[PDB]
């Protein structure tokens, strides 16, 4: 089954969880207080969030959330910008942009 789990250490589990729910439609299947949250997508990928920052992720590190259309990429970009997150217009290579998620890791959004 290849790669199906990522344990992402973050600065703030609650903030990272709510961001992923709002913008990326992940679902939470469990928590241990504010220390731990288990997030799932539709395909059974498990992305656990774990408190305890000592260090920043390498700057090129990112997690990618593909979208069904360029319109959907634009929509997420727009709403992030409106909601106070620091984003720039997506670029055509895939049609792609990046955002820093609360918690302290970069997300790639693309079609």
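Residue numbers count along the first chain shown, from 1.
According to the PDB record, 48-56 carries the higher mean C-alpha B-factor of the two stretches 70-78 and 48-56. Sort the modelled residues of the chain by CA B factor and residue 13 lands in the middle third. Among the modelled residues of the chain, residue 64 sits in the lowest third by CA temperature factor in this PDB entry. Among the modelled residues of the chain, residue 26 sits in the middle third by CA temperature factor in this PDB entry. Residue 111: CA B factor lies in the middle third for its chain, per the PDB record.
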